Amino acid sequence: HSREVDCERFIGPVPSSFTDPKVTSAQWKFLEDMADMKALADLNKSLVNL
Amino acid sequence: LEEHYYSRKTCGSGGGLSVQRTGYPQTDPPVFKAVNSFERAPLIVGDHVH
Amino acid sequence: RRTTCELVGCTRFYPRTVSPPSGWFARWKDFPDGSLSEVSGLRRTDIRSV
């Protein structure tokens with residue numbers, strides 16, 4: 001005999017962990033504060049070319 | 001599909017060869033489910049500054 | 001804001017030892033002896049603000 005198998009079919013299903021994420025308000029506020037601090041610190045370096 | 005050679009031999013007489021080709025449709029699980037979606041906002045205010 | 005969810009996976013082939021018949025003899029001929037394919041995913045959901 002001589003069997004031919006396709007790799008696009010003998011694969012399990014997609015896990016249930018592929019749903020949307022869940023973030024709290026504290027984490028969002030912390031990320032926003034960090035981004036604001038980084039943006040404010042980067043602006044000081046742009047003025048070095050005075 | 002899967003072909004095979006059913007090379008059968010006779011009894012203790014003569015001694016002739018044979019191939020005998022025959023195939024059998026072989027099933028398989030379904031193929032992947034390709035997903036390609038995208039969503040965005042239509043258009044609100046066309047100004048370039050604000 | 002942005003929230004990413006990446007996914008990645010691999011696949012291998014682990015065939016059985018052999019096909020022992022009732023009282024006959026059999027043997028294998030050629031086999032993958034390697035990988036197969038690779039599955040991967042990605043998700044993106046961003047919400048801009050003013």
# chains A, B, ... in the order shown; residues from 1 in each chain; ligands from 1
>>> residues_around(residues="residue 12 (chain A)", least_positions_apart="5", cutoff="12 Å", atoms="only C-alpha atoms", output="MDAnalysis selection string")
(chainID A and resid 7) or (chainID B and resid 29:32) or (chainID C and resid 9:11 39)
>>> write_last_selection(atoms="N, CA, C and O atoms", output="compact mmCIF listing (two decimals), in the first residue's frame")
# COMPACT_ATOMS: atom_id res chain seq x y z
N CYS A 7 -1.27 17.40 6.13
CA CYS A 7 -1.02 18.06 7.40
C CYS A 7 -2.05 19.12 7.75
O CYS A 7 -2.08 19.58 8.90
N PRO B 29 -10.37 14.06 8.31
CA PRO B 29 -11.10 15.12 9.00
C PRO B 29 -11.17 16.38 8.16
O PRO B 29 -10.46 16.50 7.14
N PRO B 30 -12.00 17.35 8.54
CA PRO B 30 -12.13 18.57 7.73
C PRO B 30 -10.85 19.40 7.77
O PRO B 30 -9.93 19.16 8.55
N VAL B 31 -10.81 20.40 6.89
CA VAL B 31 -9.66 21.29 6.77
C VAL B 31 -9.83 22.44 7.75
O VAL B 31 -10.91 22.63 8.32
N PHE B 32 -8.76 23.20 7.97
CA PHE B 32 -8.81 24.33 8.89
C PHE B 32 -9.89 25.32 8.46
O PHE B 32 -10.43 25.27 7.35
N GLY C 9 2.44 27.50 17.90
CA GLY C 9 2.49 26.08 18.21
C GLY C 9 3.23 25.33 17.13
O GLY C 9 3.47 25.83 16.03
N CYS C 10 3.61 24.10 17.47
CA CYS C 10 4.33 23.21 16.57
C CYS C 10 3.61 21.87 16.50
O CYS C 10 2.60 21.65 17.17
N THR C 11 4.14 20.97 15.68
CA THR C 11 3.55 19.65 15.51
C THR C 11 4.65 18.66 15.11
O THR C 11 5.59 19.02 14.41
N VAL C 39 1.42 26.03 13.51
CA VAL C 39 0.22 26.84 13.68
C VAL C 39 0.58 28.10 14.46
O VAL C 39 1.47 28.09 15.32
>>> interface_residues(of="chain B", to="chain A", cutoff="10 Å", atoms="only C-alpha atoms", output="PyMOL selection string")
chain B and resi 1-6+21-23+26+28-33
>>> interface_residues(of="chain A", to="chain C", cutoff="8 Å", atoms="only C-alpha atoms", output="JSON, numbers by chain")
{"A": [7, 18, 20, 21]}
>>> write_last_selection(atoms="C-alpha atoms", output="mmCIF file, in the first residue's frame")
data_model
loop_
_atom_site.group_PDB
_atom_site.id
_atom_site.type_symbol
_atom_site.label_atom_id
_atom_site.label_comp_id
_atom_site.auth_asym_id
_atom_site.auth_seq_id
_atom_site.Cartn_x
_atom_site.Cartn_y
_atom_site.Cartn_z
ATOM 1 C CA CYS A 7 -1.016 18.056 7.405
ATOM 2 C CA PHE A 18 -8.041 32.497 22.326
ATOM 3 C CA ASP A 20 -10.293 38.604 24.289
ATOM 4 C CA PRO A 21 -8.133 39.729 27.233
#
>>> closest_atom_pairs(of="chain B", to="chain C", cutoff="12 Å", atoms="only C-alpha atoms", output="JSON lines")
{"residue": "B:32", "atom": "CA", "partner": "C:39", "partner_atom": "CA", "distance": 10.5}
{"residue": "B:34", "atom": "CA", "partner": "C:41", "partner_atom": "CA", "distance": 10.8}
{"residue": "B:35", "atom": "CA", "partner": "C:41", "partner_atom": "CA", "distance": 10.4}
{"residue": "B:36", "atom": "CA", "partner": "C:43", "partner_atom": "CA", "distance": 11.1}
{"residue": "B:37", "atom": "CA", "partner": "C:43", "partner_atom": "CA", "distance": 10.7}
{"residue": "B:38", "atom": "CA", "partner": "C:44", "partner_atom": "CA", "distance": 9.9}
{"residue": "B:39", "atom": "CA", "partner": "C:45", "partner_atom": "CA", "distance": 9.8}
{"residue": "B:40", "atom": "CA", "partner": "C:47", "partner_atom": "CA", "distance": 10.0}
{"residue": "B:41", "atom": "CA", "partner": "C:47", "partner_atom": "CA", "distance": 10.4}
{"residue": "B:50", "atom": "CA", "partner": "C:50", "partner_atom": "CA", "distance": 9.2}
>>> atom_distance(atom1="CA of residue 24 (chain B)", atom2="CA of residue 13 (chain C)")
23.9 Å
>>> residues_around(residues="region 30-46 of chain A", least_positions_apart="5", cutoff="12 Å", atoms="only C-alpha atoms", output="ChimeraX atom specification")
/A:23-25 /C:1-3,49
>>> select_by_dssp(residues="chain B", states="strand (DSSP E)", output="MDAnalysis selection string")
chainID B and resid 3:5 21:23
>>> write_last_selection(atoms="N, CA, C and O atoms", output="PDB file, in the first residue's frame")
ATOM      1  N   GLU B   3      -3.626   3.673  -3.634  1.00  0.00           N
ATOM      2  CA  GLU B   3      -3.421   2.528  -4.506  1.00  0.00           C
ATOM      3  C   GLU B   3      -2.541   1.484  -3.824  1.00  0.00           C
ATOM      4  O   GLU B   3      -1.744   1.788  -2.932  1.00  0.00           O
ATOM      5  N   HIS B   4      -2.697   0.236  -4.260  1.00  0.00           N
ATOM      6  CA  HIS B   4      -1.921  -0.869  -3.717  1.00  0.00           C
ATOM      7  C   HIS B   4      -1.812  -1.961  -4.769  1.00  0.00           C
ATOM      8  O   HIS B   4      -2.699  -2.122  -5.613  1.00  0.00           O
ATOM      9  N   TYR B   5      -0.713  -2.710  -4.711  1.00  0.00           N
ATOM     10  CA  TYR B   5      -0.443  -3.796  -5.647  1.00  0.00           C
ATOM     11  C   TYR B   5      -0.736  -5.119  -4.948  1.00  0.00           C
ATOM     12  O   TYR B   5       0.003  -5.531  -4.048  1.00  0.00           O
ATOM     13  N   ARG B  21      -3.485  -3.653  -9.574  1.00  0.00           N
ATOM     14  CA  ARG B  21      -3.561  -2.347  -8.936  1.00  0.00           C
ATOM     15  C   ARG B  21      -5.011  -2.001  -8.632  1.00  0.00           C
ATOM     16  O   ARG B  21      -5.900  -2.209  -9.463  1.00  0.00           O
ATOM     17  N   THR B  22      -5.244  -1.471  -7.433  1.00  0.00           N
ATOM     18  CA  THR B  22      -6.585  -1.090  -7.012  1.00  0.00           C
ATOM     19  C   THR B  22      -6.472  -0.022  -5.935  1.00  0.00           C
ATOM     20  O   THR B  22      -5.564  -0.069  -5.101  1.00  0.00           O
ATOM     21  N   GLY B  23      -7.398   0.934  -5.961  1.00  0.00           N
ATOM     22  CA  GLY B  23      -7.401   2.017  -4.997  1.00  0.00           C
ATOM     23  C   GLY B  23      -8.676   2.077  -4.183  1.00  0.00           C
ATOM     24  O   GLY B  23      -9.703   1.518  -4.580  1.00  0.00           O
TER      25      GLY B  23
END
>>> select_by_dssp(residues="chain A", states="alpha helix (DSSP H)", output="PyMOL selection string")
chain A and resi 25-46
